[PDB]
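Enquirer: I have a structure I would like to understand better, so I am pasting it below and will then ask my questions one at a time.
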Amino acid sequence: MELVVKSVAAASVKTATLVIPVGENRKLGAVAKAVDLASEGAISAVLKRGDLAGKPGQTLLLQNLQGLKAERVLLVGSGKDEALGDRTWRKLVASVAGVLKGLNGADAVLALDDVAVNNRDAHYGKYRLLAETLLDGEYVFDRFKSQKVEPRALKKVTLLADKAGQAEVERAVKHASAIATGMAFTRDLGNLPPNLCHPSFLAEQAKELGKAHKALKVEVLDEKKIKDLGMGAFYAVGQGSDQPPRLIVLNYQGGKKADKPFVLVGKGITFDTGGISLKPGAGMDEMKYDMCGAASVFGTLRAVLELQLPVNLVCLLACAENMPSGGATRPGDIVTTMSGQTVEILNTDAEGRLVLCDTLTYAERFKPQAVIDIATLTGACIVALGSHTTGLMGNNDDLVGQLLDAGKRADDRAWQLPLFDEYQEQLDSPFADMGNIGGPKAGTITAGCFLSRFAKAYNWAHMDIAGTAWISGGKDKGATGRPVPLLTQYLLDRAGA
Amino acid sequence: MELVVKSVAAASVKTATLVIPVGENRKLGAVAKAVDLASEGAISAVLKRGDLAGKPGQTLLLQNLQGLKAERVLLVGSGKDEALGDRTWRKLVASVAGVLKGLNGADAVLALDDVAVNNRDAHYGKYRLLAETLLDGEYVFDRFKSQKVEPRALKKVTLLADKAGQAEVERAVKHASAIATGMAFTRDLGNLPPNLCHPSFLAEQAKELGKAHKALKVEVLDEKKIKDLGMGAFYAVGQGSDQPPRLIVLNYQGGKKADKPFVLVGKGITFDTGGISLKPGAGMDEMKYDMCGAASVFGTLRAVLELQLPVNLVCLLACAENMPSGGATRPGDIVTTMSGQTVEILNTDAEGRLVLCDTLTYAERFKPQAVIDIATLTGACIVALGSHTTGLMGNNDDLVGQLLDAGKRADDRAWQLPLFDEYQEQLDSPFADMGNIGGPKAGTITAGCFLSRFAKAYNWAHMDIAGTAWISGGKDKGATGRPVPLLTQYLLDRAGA
Amino acid sequence: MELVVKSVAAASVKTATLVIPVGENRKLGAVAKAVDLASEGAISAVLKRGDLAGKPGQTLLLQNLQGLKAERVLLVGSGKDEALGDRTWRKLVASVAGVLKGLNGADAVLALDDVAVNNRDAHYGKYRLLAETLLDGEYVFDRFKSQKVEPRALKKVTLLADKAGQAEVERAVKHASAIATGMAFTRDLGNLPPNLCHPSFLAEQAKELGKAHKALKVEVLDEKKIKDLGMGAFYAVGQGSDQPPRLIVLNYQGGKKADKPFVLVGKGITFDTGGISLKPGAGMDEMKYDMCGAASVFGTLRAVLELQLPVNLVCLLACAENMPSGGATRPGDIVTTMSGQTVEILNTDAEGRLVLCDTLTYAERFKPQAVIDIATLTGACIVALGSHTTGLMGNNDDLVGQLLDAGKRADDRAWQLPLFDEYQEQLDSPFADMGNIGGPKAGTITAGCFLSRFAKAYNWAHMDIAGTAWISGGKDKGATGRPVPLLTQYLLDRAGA
Ligand SMILES: [K+]
Ligand SMILES: [K+]
Ligand SMILES: [K+]
Ligand SMILES: [Mn+2]
Ligand SMILES: [Mn+2]
Ligand SMILES: [Mn+2]
Ligand SMILES: [Zn+2]
Ligand SMILES: [Zn+2]
Ligand SMILES: [Zn+2]
């Protein structure tokens, strides 16, 4: 789906479907009034009948009107004469996109310049959200349906703005396209079943990506190299599986050579059975989304690759399959981490932090200005912050402050949890430097505490996306692509773009 | 224990025990060094033998040394030569108090001026913490023992500071004694068993308190009156018990006539079986702690009275006993709250938000500038923040910040959780305006959202103390008195005292 | 630590710390009084102030006193003037040791002659417990710790008795040293994590032990040898794992060629996941303790080796790792045991009885006079007898009675449970000769009943140490040395030592 920006009058442009907003009590703003006049008052005449209340996202569809160049006109409600909230705005757009998806229209024109969005500027912010909701809402994962699905009609959507703001709208389109494309890659990887989507499969994907872009080199470290580096924790996790582990390094050099890089570390547990500390059966299929941390890294890279952003970015994907078997790790195993700290593995289902901890030690060789790890780490985060808000912790306030502020602008929000010292004692072990679990209280936090012990060489934040990376049921069961919008926004901020 | 401040020389005072700090270097600050000189290096001489490494809270006790008028000299470790964190400083004080209580001295002097506590001034803050830990450490709940403890010898403690800081150390003792006195009261009500501590009992407690204080008037609304004001949620909660519910009003007029009051609302569920949604048996004895919200309001009120703070403070205590029986509330019951909103009671074990929502409506009549509800509300908060940090939510950023700030200075921390709108819809009911539960995701937060719907009329905040109000096991098992220090400190800030 | 015995006067000896007892009521026995009198009433003067009440294990530390040759004097409470229970006596000792271990002195003198121990000799039995408690208290397992505790200052302890008592206190110290040394070996083996401590590791340890001792021949039977001897039940347990089973034979000829040997059989399940009948995750790490039967025999052997007792001793260690996999035993498998009896494995988590049954058959070839198996066999036993007392069953009343008495004199107690015939029907199988479980009733007993069917050719006894072999939680969590004291004492009894 192509998305473009033009500065012509709404009435003038030839199209399968023209879309304009209507407020409560039949209130037409400037753009919409011009279309009414140009349609010889056909639009205000139908509105007099009361079928459209004007509530945000409500629609009434018209078919072609004399004096117009549009085959169809779609009236969408924009609510009272007030700024819309983010959420309300996005729902208005998806509701539009929803009527268009069911039309035999090859193209559509959105003439929604009169809608104001709250705390959002009228050209960039407004449309960043519209463009992202629209392109992300075309996402289809029909690849394992043996009935090849009916190919859609819609291929082109044009956005109309005034001349003055056109450049700013195009900047929003460019960015949202980048993010939208990164989210599709993320969602594809997340939705892919674990029999096909294993670490080696992920290794192959990184290599292919590396063969497609000039500024990106990829290096894959296998099971033996993981072990040889002294990554005892990473190795312990993966050893129980017939599919061996991979540590994938995706190095994009887009800034100056002396620029200290940004490092993204993503948990890539391609399936999580719990291991010997086996999970219950119910809903275990959703554990294919335990590599969504690694998937959000792929997607963020794919968007920056698209934007050719001027930064150095090193991606590290810690990938393993957590399986039970005759050679799997046992509860009670003590291993030596790459850092030289010893860890008693009291629960083999707290394995994300184990692969992550050696990878964080590994990230030191890059001398980063920031290291962010992204993981579907804890059940406790879902209890804490539910489905809507990413868990965020770090050893540097300004860095967490930056990530927080990026989420607010992307509309992909995080929320900070504290790493107080009182929480550290929960990881105490009678025998090793630390245990890998802190018990049933403060589960998101003690996981954060565990990781922080390995992130002391640099500025570091940690993102628990256990709640935000997929949807468990209903129609829209699947990966969401979060937090690609946040991380991409944070990198955009860093790039001054 | 009686607490006084003096500014005379440590070497000089007549006392059973003189306490001085000693660092890891086997270092001595000014005071300990003066004490050593007055004993011609006898203290340095013992340290040379090396039994005391001076880690925070390690102790070496000595008897009569020549030069000194102190019968005993207690040496306490202060650690690595730094300013101490709060926790460490408090553990130092507790170790001292531990040793002191096990001696037959009627009396002790603390000569601790040399110790620095990180980011706290040497006279007010430093001593607010010391004085609180020492006095709160005196607490004994031995009322149900046949073999009662036979009183400790220690009945007075003198703190030494220099002439100049004396007024400030003294204000710290004043406030600290009020707080420690409020906490003892809160802890007694908490620890009391639920066959003795029921809603009528707490009513009686509150009447006595009314009679004893001139500036305080107490009103007790019984079950019939609760029913008549149309409090459908509150009544539904208490109806299954033989012990009827009470709504207790303690109105303290300490400010001017038309100073807008502060309102504290306490959850006073004196026992929580869960009701028809019965809780499992294990650990249920701890549900006598489900009235720790109300208990912490009593305690803060006591502290305020002792301090004669110039503010109007209205305390509303929402008291019921949650019992299964032939007339108890069913899951699926629909009740009409005092606000007029209807609630479907899907789970009878989410009863605290039910007594609280009617009380929040009741708080509107006092025209408050801040309403703060305190409640042992959700096991989810324990999952979120564990035992160290109180959860905090509200409808007003400045009030929330004020409470956060008060926690930091009181060493009784809270931490904010968001009340985003997307959580709201987890309470939707096909039948009533809302349900009382939102599923297993973001439980602490959804309980806050439930509550915000009854606080739209004023500045409001909510503290979930399920994880900070008591200790589950060990010889430490019992009420902690949190959050009396934060609440008190906030009110002091509001009085500017 | 080195322990010596002297018969000199308490006051007359030069030490870093002299330890003497003080009664409840300020009371001093003879030895305490001579110290007091030599220090010319210093001690008594101090006592008069009332700091030390004299409850058992209470202490008061003094520093250097005119008239004595000790740098420090440690007073320890000894309670009411009666003879102490074992438990109170061992606590007093452990308090003393905890104090001495934080002091910077090279040695200590224990002058505790005046303390009586209920039902024990003032020379041998009293000091067996003292010397063991103090030597076993020295235990540290810190090999997986990056930051270690630097070696203690305390290296030597002297015990003062009167000359008529000396030879017997020395005999107590010597039996207790061997015991403690065996316990340390046992605790090391138990605490080692299962990734390191597997059947092949234990085999290597036995071979090393057989190299260090001329009187010991070791022999190691691997997986295929276990299979070829017809050990269908032993083999089924181990087949699931990447780590193969080992049956370890350690032969100590200390008696005449024609003395019937004593046989000790150890359950050595190095990790127990339950297998296909998989255990829950919670506290599974503790199952590294499932080789504590084997560990306790290793450690009894070391003690027997240290003491050179003149007996024939054969140790048989039945070692396997119980793991789930594509080749693991299934519930419902029927195997043929070495005895020719067939067993239906109805639950794979009842595996210890399976390795042991085959091994009991193997024990026959040595023509033993007694066969004692030692196993962490059943959760039922912890429900039956707690942490304090080992379960004991057998087919001979004299053997059982001998083990019971041994446990009493050693203060490592057991308790007999009945093997009534009525219980044997619980093991009936409609297909095989017997199933390996008999259900929710009499669970420790039916395991006993099970094993007795393989022990008919000799006098036999079975010890279920599931509750006495390790401590679950807190900072004492770890293997205990039990039952090394009982087993060693039983053999001392047999040897007439
Ligand atoms: K996947
Ligand atoms: K109570
Ligand atoms: K072990
Ligand atoms: Mn897991
Ligand atoms: Mn409840
Ligand atoms: Mn088992
Ligand atoms: Zn995982
Ligand atoms: Zn409750
Ligand atoms: Zn076992």
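Residues are referred to by chain and number: the chain letter is A, B, ... according to the order shown in the structure tokens, the number counts from 1 in that chain, and ligands are numbered separately from 1 in the order shown.
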Might you pull out every residue within 10 Å of residue 53 (chain A), with only C-alpha atoms counted and same-chain residues fewer than 2 positions away left off, and present them as a ChimeraX atom specification?

Expert: /A:22-26,47,50-51,55-56,58-60,76-79

Enquirer: Include C-alpha atoms and write out the residues we just selected as a CSV table (one decimal), in the first residue's frame.

Expert:
```csv
chain,number,residue,atom,x,y,z
A,22,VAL,CA,-18.3,15.2,10.1
A,23,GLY,CA,-18.8,16.5,13.7
A,24,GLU,CA,-21.7,16.0,16.1
A,25,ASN,CA,-24.9,18.0,15.1
A,26,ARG,CA,-24.0,17.9,11.4
A,47,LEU,CA,-27.0,14.6,6.8
A,50,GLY,CA,-30.0,11.9,10.9
A,51,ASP,CA,-28.3,8.5,10.1
A,55,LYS,CA,-19.6,10.3,17.0
A,56,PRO,CA,-15.9,9.6,16.4
A,58,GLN,CA,-19.1,6.6,12.9
A,59,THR,CA,-19.5,6.3,9.1
A,60,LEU,CA,-22.1,6.8,6.5
A,76,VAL,CA,-16.6,9.8,9.2
A,77,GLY,CA,-17.5,11.3,12.6
A,78,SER,CA,-15.0,13.4,14.4
A,79,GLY,CA,-17.0,14.1,17.6
```

Enquirer: Write out as a count of residues only the residues lying within 9 Å of residue 117 (chain C), counting only C-alpha atoms and excluding same-chain residues fewer than 6 positions away.

Expert: 8

Enquirer: Need the shell around residue 366 (chain C): protein/DNA/RNA residues with any atom at most 10 Å away, counting only C-alpha atoms. Skip same-chain ones fewer than 6 positions apart. Format as a tab-separated table (two decimals) with N, CA, C and O atoms, in the first residue's frame?

Expert:
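The resulting file, part30.tsv, is reproduced below:
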```tsv
chain	number	residue	atom	x	y	z
C	260	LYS	N	32.07	-61.75	58.77
C	260	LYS	CA	31.01	-61.34	57.85
C	260	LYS	C	31.04	-59.81	57.75
C	260	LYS	O	31.25	-59.12	58.75
C	261	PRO	N	30.92	-59.30	56.53
C	261	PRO	CA	30.95	-57.85	56.36
C	261	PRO	C	29.65	-57.16	56.75
C	261	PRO	O	28.59	-57.80	56.73
C	262	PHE	N	29.76	-55.88	57.12
C	262	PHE	CA	28.63	-54.97	57.20
C	262	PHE	C	28.46	-54.27	55.85
C	262	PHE	O	29.44	-53.80	55.25
C	263	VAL	N	27.22	-54.22	55.36
C	263	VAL	CA	26.98	-53.66	54.05
C	263	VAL	C	26.16	-52.40	54.23
C	263	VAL	O	25.14	-52.41	54.93
C	314	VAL	N	31.42	-53.05	53.35
C	314	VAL	CA	31.23	-52.95	51.93
C	314	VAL	C	30.21	-51.84	51.66
C	314	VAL	O	29.09	-51.90	52.14
```

Enquirer: Output the contact residues of chain C with respect to chain B at a cut-off of 8 Å, based on only C-alpha atoms, as a count of residues only.

Expert: 11

Enquirer: Return as a PDB file with N, CA, C and O atoms, in the first residue's frame every polymer residue, whether protein, DNA or RNA, with at least one atom no more than 7 Å from an atom of ligand 2; count only C-alpha atoms and all ligand atoms.

Expert:
```pdb
ATOM      1  N   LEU B 189      -3.691  -2.088  66.612  1.00  0.00           N
ATOM      2  CA  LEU B 189      -4.980  -2.367  65.972  1.00  0.00           C
ATOM      3  C   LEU B 189      -4.776  -3.475  64.934  1.00  0.00           C
ATOM      4  O   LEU B 189      -5.550  -4.408  64.903  1.00  0.00           O
ATOM      5  N   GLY B 190      -3.697  -3.397  64.143  1.00  0.00           N
ATOM      6  CA  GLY B 190      -3.327  -4.431  63.196  1.00  0.00           C
ATOM      7  C   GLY B 190      -3.154  -5.842  63.780  1.00  0.00           C
ATOM      8  O   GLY B 190      -3.743  -6.826  63.285  1.00  0.00           O
ATOM      9  N   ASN B 191      -2.351  -5.936  64.830  1.00  0.00           N
ATOM     10  CA  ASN B 191      -2.032  -7.188  65.513  1.00  0.00           C
ATOM     11  C   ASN B 191      -3.198  -7.805  66.299  1.00  0.00           C
ATOM     12  O   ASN B 191      -3.282  -9.023  66.422  1.00  0.00           O
ATOM     13  N   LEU B 192      -4.140  -7.011  66.764  1.00  0.00           N
ATOM     14  CA  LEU B 192      -5.288  -7.520  67.442  1.00  0.00           C
ATOM     15  C   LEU B 192      -6.049  -8.576  66.676  1.00  0.00           C
ATOM     16  O   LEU B 192      -6.273  -8.457  65.527  1.00  0.00           O
ATOM     17  N   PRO B 193      -6.418  -9.628  67.340  1.00  0.00           N
ATOM     18  CA  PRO B 193      -7.049 -10.725  66.621  1.00  0.00           C
ATOM     19  C   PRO B 193      -8.486 -10.392  66.166  1.00  0.00           C
ATOM     20  O   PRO B 193      -9.167  -9.579  66.811  1.00  0.00           O
ATOM     21  N   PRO B 194      -8.960 -11.000  65.055  1.00  0.00           N
ATOM     22  CA  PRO B 194     -10.274 -10.544  64.559  1.00  0.00           C
ATOM     23  C   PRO B 194     -11.516 -10.894  65.403  1.00  0.00           C
ATOM     24  O   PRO B 194     -12.578 -10.288  65.175  1.00  0.00           O
ATOM     25  N   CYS B 197     -10.874  -7.456  67.544  1.00  0.00           N
ATOM     26  CA  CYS B 197     -10.877  -6.285  66.669  1.00  0.00           C
ATOM     27  C   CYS B 197     -11.882  -6.426  65.507  1.00  0.00           C
ATOM     28  O   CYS B 197     -11.549  -6.938  64.429  1.00  0.00           O
ATOM     29  N   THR B 270     -11.914  -5.939  58.917  1.00  0.00           N
ATOM     30  CA  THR B 270     -11.265  -6.367  60.148  1.00  0.00           C
ATOM     31  C   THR B 270     -10.969  -7.863  60.039  1.00  0.00           C
ATOM     32  O   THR B 270     -10.075  -8.426  60.729  1.00  0.00           O
ATOM     33  N   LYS B 288      -6.389 -10.632  59.155  1.00  0.00           N
ATOM     34  CA  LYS B 288      -6.674  -9.703  60.253  1.00  0.00           C
ATOM     35  C   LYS B 288      -5.982  -8.391  59.958  1.00  0.00           C
ATOM     36  O   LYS B 288      -6.314  -7.378  60.587  1.00  0.00           O
ATOM     37  N   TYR B 289      -5.046  -8.408  59.000  1.00  0.00           N
ATOM     38  CA  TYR B 289      -4.293  -7.199  58.572  1.00  0.00           C
ATOM     39  C   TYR B 289      -4.981  -6.361  57.463  1.00  0.00           C
ATOM     40  O   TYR B 289      -4.470  -5.310  57.015  1.00  0.00           O
ATOM     41  N   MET B 291      -7.475  -4.486  57.725  1.00  0.00           N
ATOM     42  CA  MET B 291      -7.932  -3.216  58.265  1.00  0.00           C
ATOM     43  C   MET B 291      -6.742  -2.283  58.546  1.00  0.00           C
ATOM     44  O   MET B 291      -6.896  -1.275  59.290  1.00  0.00           O
TER      45      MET B 291
END
```

Enquirer: Go through the chains and note each residue within 12 Å of ligand 3, using only C-alpha atoms and all ligand atoms, then give the set as a PyMOL selection string.

Expert: (chain A and resi 330-334) or (chain C and resi 185-199+201-202+267-272+285-296+319-321+469-470+478-479)

Enquirer: If you keep N, CA and C atoms, can you produce a file of those selected residues as a short mmCIF file (atom, residue, chain, number, x, y, z; two decimals), in the first residue's frame?

Expert:
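Once everything was written out, this is again_19.cif:
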```
data_model
loop_
_atom_site.label_atom_id
_atom_site.label_comp_id
_atom_site.auth_asym_id
_atom_site.auth_seq_id
_atom_site.Cartn_x
_atom_site.Cartn_y
_atom_site.Cartn_z
N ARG A 330 19.12 -28.57 34.89
CA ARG A 330 18.35 -28.81 36.07
C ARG A 330 18.27 -27.62 37.00
N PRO A 331 17.13 -27.51 37.64
CA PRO A 331 17.02 -26.63 38.77
C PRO A 331 18.04 -26.94 39.83
N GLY A 332 18.78 -25.94 40.22
CA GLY A 332 19.91 -26.27 41.08
C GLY A 332 21.25 -26.30 40.40
N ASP A 333 21.31 -26.43 39.07
CA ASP A 333 22.57 -26.26 38.35
C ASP A 333 23.21 -24.90 38.69
N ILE A 334 24.54 -24.88 38.89
CA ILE A 334 25.29 -23.63 39.03
C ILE A 334 26.22 -23.46 37.82
N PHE C 185 32.61 -34.22 54.10
CA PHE C 185 32.65 -34.94 52.83
C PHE C 185 31.22 -35.16 52.36
N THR C 186 30.33 -35.59 53.27
CA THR C 186 28.90 -35.83 52.95
C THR C 186 28.21 -34.54 52.49
N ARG C 187 28.41 -33.48 53.27
CA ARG C 187 27.82 -32.19 52.95
C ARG C 187 28.36 -31.63 51.64
N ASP C 188 29.66 -31.77 51.36
CA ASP C 188 30.22 -31.35 50.07
C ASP C 188 29.55 -32.07 48.90
N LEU C 189 29.42 -33.38 49.01
CA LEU C 189 28.80 -34.16 47.95
C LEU C 189 27.33 -33.75 47.72
N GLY C 190 26.57 -33.64 48.82
CA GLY C 190 25.20 -33.13 48.80
C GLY C 190 24.99 -31.73 48.23
N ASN C 191 25.86 -30.79 48.60
CA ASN C 191 25.72 -29.41 48.14
C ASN C 191 26.16 -29.16 46.70
N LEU C 192 27.11 -29.95 46.18
CA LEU C 192 27.51 -29.83 44.77
C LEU C 192 26.30 -29.87 43.85
N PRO C 193 26.26 -29.00 42.82
CA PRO C 193 25.08 -28.92 41.95
C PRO C 193 25.04 -30.08 40.94
N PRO C 194 23.83 -30.49 40.51
CA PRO C 194 23.68 -31.72 39.71
C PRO C 194 24.38 -31.76 38.33
N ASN C 195 24.61 -30.60 37.71
CA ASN C 195 25.39 -30.55 36.46
C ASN C 195 26.84 -31.03 36.64
N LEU C 196 27.37 -30.91 37.86
CA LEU C 196 28.73 -31.33 38.22
C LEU C 196 28.70 -32.67 38.97
N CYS C 197 27.73 -32.82 39.89
CA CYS C 197 27.67 -34.01 40.72
C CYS C 197 26.71 -35.05 40.12
N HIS C 198 27.21 -35.85 39.17
CA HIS C 198 26.44 -36.89 38.47
C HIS C 198 27.00 -38.28 38.80
N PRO C 199 26.39 -39.35 38.27
CA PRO C 199 26.88 -40.67 38.68
C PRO C 199 28.36 -40.93 38.34
N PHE C 201 30.75 -38.67 38.14
CA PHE C 201 31.54 -37.91 39.08
C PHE C 201 31.69 -38.70 40.38
N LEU C 202 30.57 -39.15 40.94
CA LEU C 202 30.64 -39.94 42.18
C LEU C 202 31.56 -41.16 42.01
N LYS C 267 21.33 -44.68 48.35
CA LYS C 267 20.60 -44.14 47.23
C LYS C 267 21.32 -42.93 46.67
N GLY C 268 21.80 -43.05 45.44
CA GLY C 268 22.53 -41.97 44.84
C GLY C 268 21.86 -41.35 43.61
N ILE C 269 20.65 -40.83 43.76
CA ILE C 269 20.01 -40.20 42.64
C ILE C 269 20.50 -38.77 42.64
N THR C 270 21.40 -38.50 41.70
CA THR C 270 22.18 -37.25 41.73
C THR C 270 21.30 -36.03 41.39
N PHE C 271 20.34 -36.22 40.49
CA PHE C 271 19.18 -35.30 40.40
C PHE C 271 17.88 -36.03 40.12
N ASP C 272 16.82 -35.63 40.80
CA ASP C 272 15.54 -36.28 40.62
C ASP C 272 14.46 -35.31 40.10
N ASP C 285 15.07 -27.55 43.04
CA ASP C 285 16.53 -27.46 43.17
C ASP C 285 17.02 -28.35 44.31
N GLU C 286 16.15 -28.59 45.28
CA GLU C 286 16.47 -29.40 46.46
C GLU C 286 16.73 -30.87 46.16
N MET C 287 16.33 -31.29 44.96
CA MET C 287 16.42 -32.67 44.55
C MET C 287 17.86 -33.06 44.19
N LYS C 288 18.78 -32.09 44.24
CA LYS C 288 20.20 -32.40 44.17
C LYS C 288 20.57 -33.13 45.45
N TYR C 289 19.70 -33.02 46.46
CA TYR C 289 19.93 -33.71 47.71
C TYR C 289 19.46 -35.17 47.64
N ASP C 290 18.98 -35.60 46.47
CA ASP C 290 18.48 -36.97 46.36
C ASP C 290 19.56 -38.06 46.29
N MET C 291 20.82 -37.64 46.41
CA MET C 291 21.98 -38.55 46.49
C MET C 291 22.63 -38.54 47.90
N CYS C 292 21.93 -37.94 48.85
CA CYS C 292 22.36 -37.92 50.24
C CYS C 292 22.48 -39.31 50.92
N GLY C 293 21.73 -40.34 50.50
CA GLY C 293 21.98 -41.73 50.97
C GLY C 293 23.40 -42.17 50.61
N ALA C 294 23.73 -42.08 49.32
CA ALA C 294 25.08 -42.33 48.86
C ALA C 294 26.12 -41.43 49.55
N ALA C 295 25.84 -40.14 49.68
CA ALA C 295 26.78 -39.21 50.35
C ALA C 295 27.06 -39.63 51.81
N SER C 296 26.02 -40.01 52.55
CA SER C 296 26.17 -40.38 53.95
C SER C 296 27.02 -41.63 54.13
N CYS C 319 23.75 -45.26 41.85
CA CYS C 319 23.74 -43.91 41.29
C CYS C 319 23.08 -43.85 39.91
N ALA C 320 22.14 -42.91 39.76
CA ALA C 320 21.46 -42.66 38.50
C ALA C 320 21.03 -41.18 38.46
N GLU C 321 20.72 -40.69 37.27
CA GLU C 321 20.07 -39.42 37.15
C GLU C 321 18.68 -39.66 36.54
N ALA C 469 18.17 -35.23 56.04
CA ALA C 469 19.40 -35.06 55.23
C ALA C 469 19.79 -33.63 54.81
N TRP C 470 18.84 -32.72 54.76
CA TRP C 470 19.15 -31.36 54.37
C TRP C 470 18.14 -30.40 54.96
N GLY C 478 21.04 -26.34 53.13
CA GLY C 478 22.15 -27.19 52.77
C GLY C 478 22.04 -28.56 53.40
N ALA C 479 22.86 -29.49 52.90
CA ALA C 479 23.02 -30.82 53.48
C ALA C 479 23.43 -30.70 54.95
#
```

Enquirer: Counting only C-alpha atoms and all ligand atoms, which protein, DNA or RNA residues come within 10 Å of ligand 4, given as a PyMOL selection string?

Expert: chain A and resi 237+269+271-275+277-279+287+290+322+347-353+376-379

Enquirer: Using only C-alpha atoms, which residues sit within 7 Å of region 4-21 of chain A once same-chain residues fewer than 6 positions away are excluded, as a ChimeraX atom specification?

Expert: /A:32,35,38,68-78,105-112,157-163,166,170

Enquirer: Got a sec: who's within 10 Å of residue 421 (chain B), counting only C-alpha atoms, leaving out chain neighbours fewer than 4 positions off, as a PDB file with C-alpha atoms, in the first residue's frame?

Expert:
```
ATOM      1  CA  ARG A  87      -6.699   6.681  21.108  1.00  0.00           C
ATOM      2  CA  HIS A 388      -1.041  -1.422  27.320  1.00  0.00           C
TER       3      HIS A 388
ATOM      4  CA  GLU B 425     -12.658  -0.946  29.979  1.00  0.00           C
ATOM      5  CA  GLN B 426     -11.476  -4.014  31.953  1.00  0.00           C
ATOM      6  CA  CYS B 449      -9.391   2.781  38.022  1.00  0.00           C
TER       7      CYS B 449
END
```

Enquirer: Got a sec to tell me which of region 8-203 of chain B DSSP assigns to strand (DSSP E), as a ChimeraX atom specification?

Expert: /B:15-23,59-62,70-79,107-110,156-160

Enquirer: So which residues of region 285-419 of chain C fall under helix (DSSP H, G or I) by DSSP, listed as a PyMOL selection string?

Expert: chain C and resi 285-307+352-366+379-385+397-410

Enquirer: Region 481-492 of chain C: which residues within 8 Å, counting only C-alpha atoms, same-chain residues fewer than 6 positions away excluded, as an MDAnalysis selection string?

Expert: chainID C and resid 179:180 182:184 186:187 296:297 299:300 303:304 309 402:403 406:407 409:413 465 468:469

Enquirer: Can you tell me how far CA of residue 477 (chain B) sits from CA of residue 148 (chain B), in Å to one decimal?

Expert: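 CA of residue 148 (chain B) lies at a distance of 18.1 Å from CA of residue 477 (chain B).
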
Enquirer: Go ahead and compute the interatomic distance for CA of residue 316 (chain B) and CA of residue 384 (chain B), in Å to one decimal.

Expert: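 About the pair CA of residue 316 (chain B) and CA of residue 384 (chain B): they are 27.3 Å apart.
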
Enquirer: Which residues, written as a list in words, have at least one atom at most 10 Å from residue 173 (chain A), with only C-alpha atoms counted and residues fewer than 3 positions away on the same chain left out?

Expert: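 Once the adjacent positions are removed, what remains is residues 3, 4, 5, 124, 127, 128, 129, 130, 131, 132, 135, 159, 167, 168, 169, 170, 176, 177, 178 and 179 of chain A.
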
Enquirer: Using only C-alpha atoms and all ligand atoms, pick whichever of C:203, C:216, C:318, C:134 has the shortest atom-to-atom distance to ligand 9.

Expert: C:318

Enquirer: Could you please determine the separation between CA of residue 385 (chain B) and CA of residue 356 (chain A) in Å, to one decimal place?

Expert: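 Separating CA of residue 385 (chain B) from CA of residue 356 (chain A) is a distance of 22.7 Å.
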